[PDB]
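First, one chain by itself in structure tokens, the form deposited in one PDB entry.
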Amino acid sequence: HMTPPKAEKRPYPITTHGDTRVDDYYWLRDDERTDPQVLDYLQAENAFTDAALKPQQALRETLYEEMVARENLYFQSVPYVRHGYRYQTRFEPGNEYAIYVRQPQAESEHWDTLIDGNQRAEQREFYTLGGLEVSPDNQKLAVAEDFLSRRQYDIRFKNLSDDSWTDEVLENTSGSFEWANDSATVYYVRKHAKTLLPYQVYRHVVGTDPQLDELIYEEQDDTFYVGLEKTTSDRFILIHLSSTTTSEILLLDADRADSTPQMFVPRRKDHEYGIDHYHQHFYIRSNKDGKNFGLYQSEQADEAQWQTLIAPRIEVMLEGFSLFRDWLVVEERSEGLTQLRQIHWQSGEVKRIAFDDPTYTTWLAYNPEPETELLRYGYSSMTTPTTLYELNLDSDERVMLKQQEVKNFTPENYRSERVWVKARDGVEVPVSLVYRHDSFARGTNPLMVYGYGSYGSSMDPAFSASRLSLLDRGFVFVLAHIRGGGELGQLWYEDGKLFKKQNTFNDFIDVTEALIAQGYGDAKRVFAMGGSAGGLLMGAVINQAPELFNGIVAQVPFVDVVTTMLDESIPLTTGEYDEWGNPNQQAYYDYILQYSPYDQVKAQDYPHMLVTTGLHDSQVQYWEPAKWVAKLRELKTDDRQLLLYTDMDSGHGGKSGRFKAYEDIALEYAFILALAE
């Protein structure tokens, strides 16, 4: 019925390597965000989406209500102990924000409020708590807060003796800070006042005018993130410098006055390392000798003196480690599973943590004190809501500390499988899927296939409460563990980026085709979703295999890839040459252009699609999805649904916006369910 919005065409030629591309919608980019013609097109598309989805209002309400009905209003964190105090985080129904409390470890009865987010948010438009830490002497609270929504954190200090605040604010910080052992000095990271990248380390004396703060270090390469850490031993504060490929650490003596940074290992392209310090040794996770990382012990910085504890292995990715009195614990990936292993410092005894589930994830949880035999670790599966366990590393006694509460949920109603798909190049691609048993009939259920596939980020199999709204309406829900992700380690990542990026899209198509061929779902009712770099996935797969999918949800999608990667004025671009490549080089221009979804839109039939973006914030800038929809409307030959939904909100809510997050999920799921009917 209704005529969709038609963006004005303004042919804008871009010539690179002699190749002229004509962009009719280049003008939808307005960095100042005030062009009235640009806002008219976004608003027009919002009105069209509103109009087209109006019949789905009742379904959106039903979905919203059933999603919120699974969740407990009252949430209390698992208490932890640090420096002789016990800490809990509390959410009350009709409180917008968490309250952070504590008590002395030997106390049971009384809890003291550290910070009430509801009191801090009073008379403000926006509030996000970026982080919180009491000083070693238990007397001062440091907090990083954003009142403006720009992810620029103010750091302030509270005297816990009388609940008074000090007079100073540390402004435009990353929220990264560490206490010196004097409980009087803090190190913090300042963002660049233009690019907002973290780039300077300052030393501040609490109570004092920040004009007196000393500049400790400035990073000259803005592809390197600047973070601060504190070692398990408390002996060093670390300046942690890292790009996508390359690390460097500098050490600050946490005990002595006037510390200056001490080099650990000077940066070297493609050497990624991270350190800790404990038991008078440095512990180093490093890829110096293999892409899957090894763990080393050293007395000194000198890389030539690093002793091998765990050699890099082709079959096992080393992700991280924690240090305890008697045990090393590592988190690893092997054969498409996450795993924890513990190794005794003295006996060399190795233990593996056993589970029994085809599609689960396990990880090291928060372990702030090393002088303990108790390990806290997380678990989640497609069928088992997220759980925190405490394991005695000596006795193997495993105790549940907390389970995610899911109302109106019977876990035995659902089944999950791990499936391996031989891809078109013969590489085995893992898949994790879950469905409701009593509505499953082979070849008849709609599929929802979810992928990401960039940055070596893994779409680890884990429990989703909102997902039950699809499973309880007959959907088979699929995680496709495609190349460019991290599920099979660093080589799985490298075989899905740069001159291998097309493998991500091929793997998504190959998994989808296999699951249809094998009878997991209805060939006519296959749906897909991905966001950001997963939106690039959605955009490439519908250009390449438009007939495979009934309908698509592309969130904040990265689709204008060649044009964006040619322009260093766009945020992310300078830091993403080691992901997609640098199209200033003809080899990368050609390789990227081949999949760049905006460039490869053709006059062909597409699936139904809902596309989302945001005006006021961005990771992908709002214009890429708007230009993409404009071009799809111009060229596509089908009469299927194409909708753009642009978030106009001037900012966020409680840590993201929970009400809003469920409203967004309900709108997307109603769109998909209406197509599946």
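Think of the rigid core as the biggest set of C-alphas that the two forms share within 1.5 Å after superposition. Position 1 is the first residue in the sequence shown; the rest follow in order.
Below, we refer to the form deposited in another entry, which is not included among the displayed structures.
Here the two forms are overlaid on the core, and between this form and the one not shown the C-alpha of 253 is the only one among 303, 522, 394, 253 to shift by 2 Å or more.
Here residue 171 counts as shifted, since its C-alpha moves by at least 2 Å between this form and the one not shown after the core is aligned. Relative to the superposed core, residue 410 shifts its CA atom by less than 2 Å between this form and the one not shown.
Once you line up the core between this form and the one not shown, the Cα of residue 341 stays within less than 2 Å of where it was.
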